[PDB]
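Presented as structure tokens, the chain that follows is alone, the form deposited without the partner chain.
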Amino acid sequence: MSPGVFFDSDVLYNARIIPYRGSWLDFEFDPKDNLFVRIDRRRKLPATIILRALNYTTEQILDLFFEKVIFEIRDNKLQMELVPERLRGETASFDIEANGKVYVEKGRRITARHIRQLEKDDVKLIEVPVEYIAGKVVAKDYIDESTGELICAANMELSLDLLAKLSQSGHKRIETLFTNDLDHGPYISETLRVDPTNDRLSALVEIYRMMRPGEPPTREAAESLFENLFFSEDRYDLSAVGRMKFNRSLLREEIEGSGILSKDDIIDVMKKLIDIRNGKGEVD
């Protein structure tokens, strides 16, 4: 097999990095839109494991793959920092209003004109009901900053209880994920849920168990094995030709580069694969 990177499908989309020397790296969607990785053509692992192994926290993972919807708690009411574009294609579930003007009545389909009216008047903050926020997925951990105790963790689905707790604790901003059911799908958020690993070490241990079943690894052994998979040229090389092909596929300006992979190489392949699923761009 010639070295390079490949984006294909079966519709279940996939990506594959074939090196000149070393382990293959595969990514693929399942029918539920969760994302999985294979190392050396071995069994599928929820794909976020490789990002954890590369030292990304859950919060950082969510920031790589999602825009944010910011809510504000104030006057014991709830507000949302509004990007009007995000309302496109929806029906209003509450009166969309600002500065004493109702722009969209509850139950009206939100039109291109409504969005333009909001944009023309620079409306960037609107009141929302608690039920609207309860749908959402929180983007970062929050503690009660007086007691120090955790209220919620990153990627948790919000609820009436958690919203009550967040409000009670004195928090005035809540960051959530922007997702939809079309071009901004929640794949990575859902993938974090099926991923049994929770941090870099547990990710490294899981990868080690998969490669070398039957002896639990030391921290040092797990770290070493992972570094040698894709990040040490004595064990992994994309050959110059491989790096050339890789870089052209991912739209790098230069065809020169390293035989080993970078975290950016891996992230960029995952991003492209996700783009394809979201419908921006196509397979090879």
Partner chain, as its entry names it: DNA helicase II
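In this text, rigid core is short for the largest set of C-alphas that superpose within 1.5 Å between two forms. Residue numbers count along the first chain shown, from 1.
Although not depicted, the form deposited with the partner chain bound is the subject of the following passage.
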query: Of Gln79, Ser167, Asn198, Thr111, the one that lies within 4.5 Å of the partner chain in the deposited bound form (heavy atoms); finding: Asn198
query: Single option in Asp141, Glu131, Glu119, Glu97 placed near the partner chain in the deposited bound form, where near means a heavy atom within 4.5 Å; finding: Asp141
query: Contact test in the deposited bound form: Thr147 vs the partner chain, heavy atoms, 4.5 Å; finding: yes
query: The partner chain contact in the deposited bound form: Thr57, any heavy atom under 4.5 Å; finding: yes
query: Per-stretch contact check against the partner chain in the deposited bound form, the hit in 68-76, 82-90, 98-106, 148-156 (non-hydrogen atom, 4.5 angstroms); finding: 148-156
query: Those residues of 225-254 which, in the deposited bound form, come within 4.5 Å of the partner chain by heavy atom; finding: none
query: Is_shifted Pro216 between the shown form and the other one (CA, 2 Å cut-off, rigid core); finding: yes
query: Shift of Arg108 between the shown form and the other one at or above 2 Å (CA, core fit); finding: yes
